[PDB]
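The chain below stands alone, shown as structure tokens; this is the form deposited in one PDB entry.
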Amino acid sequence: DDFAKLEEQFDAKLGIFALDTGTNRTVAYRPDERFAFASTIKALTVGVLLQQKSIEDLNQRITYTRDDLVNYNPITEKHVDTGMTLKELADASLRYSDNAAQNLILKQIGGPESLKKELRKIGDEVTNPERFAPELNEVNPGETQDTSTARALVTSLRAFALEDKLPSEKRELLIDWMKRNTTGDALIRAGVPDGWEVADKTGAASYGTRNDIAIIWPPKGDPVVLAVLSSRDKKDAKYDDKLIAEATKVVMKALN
């Protein structure tokens, strides 16, 4: 009802899945409903890159041209003459949601098709990577390309960051980057109590899609993995971040 209330208030569709790793307690609402993943895919992409290379390989300097720049290149646009290391690219991608950075990384792993194979490998038969950025943001209802589910996103995020798809030191790199994200202050971070550390990755796409996936650490205890996906019934519809913050509060209460 609390979740229904939010859909009413914001005129949006909500997709939620939360798992308490400490008790295996779960919170779900439209858990298996498909939504464009948007930029949330950036986190899964780095997970794959990390698996593919050694910490040292990350120091490889990548040279690019103005031709590699897309619509949003906050960091990337400033280093076209010098090039950027894989490590630096991953930083740009996760912390600033740099689009060119995402594309550069994707190219390094073999493209969307390669990424897909790797996700399948980890046991994720839901996530559907197919395009580069920003076109991946263009999804119409019914379409399945560049989509996923709340349950699938948390399952996959958890695999790479908390489980055995990556060794400890690589897991650490990923978590640090995510913890220091600069784009999610008004989302999941806003619906969490004072003192709890958050690692998150946001996304925004067509049909007023607004997403946030994270891992939350209580003062003392095992982390909580959560996905909050949302969409609206109009192509040019805008989104309201308050939806995410409020939905988060409901989850905490439901788990607390």
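In case it trips you up, residue 1 is the first one in the sequence shown, and so on.
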Mean C-alpha temperature factor, higher of 152-160 and 70-78: 70-78
192-200 or 48-56, whichever carries the higher mean Cα B-factor: 192-200
Selection by C-alpha B-factor (highest) of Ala43, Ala38, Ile62, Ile215: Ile62
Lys107, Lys165, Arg180, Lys121, ranked by C-alpha B-factor: the highest one: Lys107
Third of the chain's Cα B-factor distribution that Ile175 belongs to, per the entry: lowest
Cα B factor band for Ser231 (lowest, middle or highest third within the chain): middle
Chain-wide C-alpha B factor ranking for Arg30, given as lowest, middle or highest third: middle
Record-listed C-alpha B factor of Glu169: chain third: highest
Where the record places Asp91 (Cα B-factor, split into thirds across the chain): lowest
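Keep in mind that the form solved in complex with a partner chain is missing from the display, and what follows is about it.
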Region of this chain that lies against the partner chain in the entry with it bound, out of 205-213, 226-234, 55-63, 35-43 [heavy atom, 4.5 Å]: 55-63
4.5 Å heavy atom contact, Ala190 and the partner chain in the entry with it bound: no
4.5 Å heavy atom contact, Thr144 and the partner chain in the entry with it bound: no
Close approach of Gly110 to the partner chain in the entry with it bound, 4.5 Å, heavy atom: yes
Any non-hydrogen atom of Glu130 within 4.5 angstroms of the partner chain in the entry with it bound: yes
